[PDB]
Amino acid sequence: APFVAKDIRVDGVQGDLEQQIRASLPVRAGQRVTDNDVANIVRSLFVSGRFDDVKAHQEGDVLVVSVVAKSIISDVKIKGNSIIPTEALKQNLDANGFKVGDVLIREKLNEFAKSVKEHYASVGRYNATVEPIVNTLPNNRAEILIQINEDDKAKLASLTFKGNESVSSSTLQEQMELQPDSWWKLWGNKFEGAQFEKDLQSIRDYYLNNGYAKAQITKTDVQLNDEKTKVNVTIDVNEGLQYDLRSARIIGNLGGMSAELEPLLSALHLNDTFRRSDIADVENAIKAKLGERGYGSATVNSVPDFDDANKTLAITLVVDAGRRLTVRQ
């Protein structure tokens, strides 16, 4: 849709190149320009090889040209490398166009990372990870960082606890199967060794097996290492107040049985420190009991109610019994 380009902005870039883009622009501040002219700019730009993307529209009186330029490589560095010597990894980069000269092509980077993974596997580190990182820098440049873990893991260095008001470090780490100097599989990336999932329970269980029935575990850090041995771990825990059990009131669909279920709240110790494990064993018999009469899908669910103020807690075992059975011969 033709128009007069009073100004001509060029958006993607800085200096160096912003300059040469301008200097080659087939068009002139001031003239009026067709779709066709503008296409000519955009195609000329793409043919250089230098851009992942070029667009061009009118923004009032100015022809704007946005752009996204291939970075060029300032430093290449590798951490975690350890039995493929850096010499050879550096040689590989340099054969695959990741010399410092060069214009980074990002996809070839991931291809390169895959290929190094495949070499680590000809030497039997089938768990290796080779993840490349690109930090971008001004002047249309960037540096490359190849991160390598040749196994996952290495030995666990330190656990550290934050927000543990009342319970000590030393206590919680007896709750945990994972002790220092035992290994710490890190399943690449980002999903805590499976078994550490376990131990976060042990803990939750134990604040709940000892009053603190708000204890949410807040967050968890993992500190790797530069070389990818040793890791430091940090568990952030919010204990909250340490409640007590006053009432133990039941509801819902009990399939008659209210009868013989009410005698079950009884090896409970009302007006004493709350406890999940006790509260559970109730649900267990409640559920065994309902099972006798053929209700063996019955579901208990411990809702609560709080005196934060007066330090106590009101149990509401919502039950219901998934049908009765009746087999008949």
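Residue numbers run from 1 along the displayed sequence.
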query: Residue stretch of maximal mean CA temperature factor, 93-101 vs 154-162; finding: 154-162
query: 3-11 or 319-327, whichever carries the higher mean Cα B-factor; finding: 319-327
query: Criterion, highest CA B-factor; candidates, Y120, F191, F112, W184; finding: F191
query: Highest-ranked of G80, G124, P85, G256 once sorted by CA temperature factor in the record; finding: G256
query: Lowest, middle or highest third - CA B-factor, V231; finding: middle
query: Ranked C-alpha temperature factor of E239 among modelled chain residues, by third; finding: highest
query: Where the record places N209 (Cα B-factor, split into thirds across the chain); finding: highest
query: Where the record places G291 (Cα B-factor, split into thirds across the chain); finding: middle
query: Entry-reported Cα temperature factor of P180, expressed as the chain third it lands in; finding: middle
